[PDB]
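Just one chain follows, in the form deposited in one PDB entry, and it is written as structure tokens.
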């Protein structure tokens, strides 16, 4: 039996699945620890490793890239879970080594790979505390080329009056995603600041794990995965929308929650976003 994780229901993805919008032919890059291509509930289309010591992007040692991938696109069948965009073309972009660490060059190389390979959506479920001209240049180039760029806001919680949003979520060109729970309350670990754009489910998120397993993780990575999947649903309905239009559709149709510093525009609603982009007209 297949179970629909509550977070996929919470953002109203099943309403679009029932209309035949499932993210078909939309290319989504998961820039993370790789994706297990052997999992019966995931269809990996391609990808690349940017880790010099670890040449196989389909060997997921850290487990979380396979989990993010399942939130984006776990297949619609009789097993496992169900992704937000179960027909999406999933690409594994491994930028973290078996030890948990990732040089900034590897992440930027992964973004450049994604532009060269014409990804429609890039999900970056990683943050750093610091940016660089090259990291900003890569995400700005990706958005200039038409890519929807989504990133986890970070898991740094509240710090005084400061922004704790990580990079590259902190850059204006990137959609920064925080985490709520099933009650729509902000998760205590979710990073905060004026750079936050939207929230999505990020606690107790059931998804695919390597070796034909399933389990729950928590984090703004999980939240970002929902929004990346939602962008793919939107592009399956509206293939000629610009990335600016897809971004506005998600931001302008949220369920309003608390203050923008903690919640951004609120919780995404992909059913409402798919009605109209609300960019200018």
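Positions refer to the first chain, counted from 1.
Heads up, the form deposited with a partner chain bound isn't pictured, but that's what we're talking about next.
Partner contact region in the deposited complex: 118 to 126, out of 118 to 126, 71 to 79, 204 to 212, 138 to 146, criterion any non-hydrogen atom within 4.5 Å of the partner chain. Contact annotation: of the candidates 194, 172, 157, 100, the single residue with a non-hydrogen atom within 4.5 angstroms of the partner chain in the deposited complex is 100. Of the heavy atoms in residue 107, some are within 4.5 Å of the partner chain in the deposited complex.
Residue 199 falls outside the set of residues with a heavy atom inside 4.5 Å of the partner chain in the deposited complex.
The closest non-hydrogen atom of residue 45 lies beyond 4.5 Å of the partner chain in the deposited complex. The shortest heavy atom separation between residue 221 and the partner chain in the deposited complex is within 4.5 Å. Annotated contacts: 186, 225 and 268 are all free of the partner chain in the deposited complex [non-hydrogen atom within 4.5 angstroms].
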